[PDB]
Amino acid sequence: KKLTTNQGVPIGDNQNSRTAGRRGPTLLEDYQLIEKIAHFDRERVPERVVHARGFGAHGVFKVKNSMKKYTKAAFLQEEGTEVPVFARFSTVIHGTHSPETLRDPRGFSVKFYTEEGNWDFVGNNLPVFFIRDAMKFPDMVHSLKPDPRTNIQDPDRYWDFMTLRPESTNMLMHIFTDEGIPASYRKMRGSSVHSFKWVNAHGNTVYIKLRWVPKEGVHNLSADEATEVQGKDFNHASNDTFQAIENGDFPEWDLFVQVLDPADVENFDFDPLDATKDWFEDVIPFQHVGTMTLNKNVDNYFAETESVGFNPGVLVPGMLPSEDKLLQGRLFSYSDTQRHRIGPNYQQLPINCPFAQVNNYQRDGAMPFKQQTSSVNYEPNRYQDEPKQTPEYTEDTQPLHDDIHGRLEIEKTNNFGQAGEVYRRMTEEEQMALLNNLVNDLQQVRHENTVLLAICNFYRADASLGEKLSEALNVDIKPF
């Protein structure tokens, strides 16, 4: 195999620059060097705005139970159907090469290359979020991100944002358990967090939540375990998940679905479209869908794991987004950031390409590798053999329930009630882990009012938790 330039010219000497004499300066005419150095200079692209640290693998999804009752999604009609998937697991706040032992939700992303298009599942392990409207997401992230001067994450900064956005209480309850540091990607669950809509063949729509349950079980690290691991291996989760697949101990998860009829949405003490809210298995049963097996590592990380883009509003027919106000901003954000991060034709890259043929009138854009060449780039047109709309594929109408449009916060926020229930649903071990992690984190806040507000927010959720935090801190909340 001959070494070549990008021009296919064979290289004779890959060790020496062309110089003006044996010990003289380098020549501008060294095309081979400059081509090599110039490409090297251009290897890097922007990391993900969040969830930059991650691990991806290939596998298959296998449907066990037909879902035709709830959705007319092609792949979900018949038990036994298998769909290729690519998955990516990730942390959130810190960058590429950041340790995998930090406290963070863990991203859980699955691209399904379906016969009717790509569907992206893009969730986290943790079943709720800090906030309920996309308007706040840059703020939340900016608050959690390293301090913009010091480049170091500072709890004084994020506890500020969080205390003043008290809907974050419930998420705080989850993230400061030991479930805030999974032991690895293969030992964690997945959650859609948002409701979506599934519509069946007759146009009945239900609200659905999605649920991944690992065959290896949920396994977490305590703070001291995380520190121990960090010192030895800053790539532990990636390492462990890569080795398991390479050794043939294939990571597997089961997919379950929760179904809530639209006519029942007022029936709870919470808005079911609020992303700060969970649907307890107790109140809404999990129904088995199928199982994902990841059985093949990437061939190349950059081209596969780094270059994939997912979007929760990338859905197949039979699937629609919910009105969830946090989800609604995501629909835009993901693809929007990918046009910048990966490129305008990012959907043409092997890792992003659908299994279904792409036939449309879109054209051009930088690096047009899979340019459709028909000169007929407009629709409607006169030609019968060019791509046409298939009316049966139109997304059905959905209901509107208000007489006004504008900036209108939902009515039943219930910022503390469900958070309290989540606390009381925990075992003693979980409640003690939560207290020690919260205390350790609040000891790092440098503004008293923020600490007071944090303890107060927790107190409203559960009085005894708030009392314990008060004692450990030691800040008396009694006057308030």
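Start at 1 with the first residue shown and count on from there.
Visitor: Averaging the C-alpha B factors as listed in the entry, name the stretch that ends up higher: 405-413 or 119-127.
Guide: Averaged over C-alpha atoms, the B-factors run higher in 405-413.
Visitor: Going by the average Cα B-factor in the PDB entry, point out whether 173-181 or 330-338 comes out higher.
Guide: Going by the record's values, the stretch with the higher mean is 173-181.
Visitor: Whose C-alpha has the highest temperature factor in the PDB entry: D156, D396, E167, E306?
Guide: So the option with the highest C-alpha B-factor is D396.
Visitor: Of the choices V206, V92, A87, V283, which one's C-alpha carries the largest B-factor in the record?
Guide: The C-alpha B-factor peaks, among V206, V92, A87, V283, at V283.
Visitor: Should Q418 be placed in the lowest, middle or highest third of its chain by the C-alpha B factor in the entry?
Guide: According to the entry, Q418 has a C-alpha B-factor in the chain's middle third.
Visitor: Which third, lowest, middle or highest, does the CA B-factor of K388 fall in along this chain?
Guide: CA B-factor rank for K388: middle third.
Visitor: C-alpha B factor of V445, ranked within the chain: lowest, middle or highest third?
Guide: For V445, whose C-alpha B-factor we compare with every modelled residue in the chain, the answer is the middle third.
Visitor: Should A454 be placed in the lowest, middle or highest third of its chain by the C-alpha B factor in the entry?
Guide: Highest third.
Visitor: Compared with the other modelled residues in the chain, in which third is the CA B-factor of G290?
Guide: It belongs to the middle third of the chain when residues are ordered by C-alpha B-factor.
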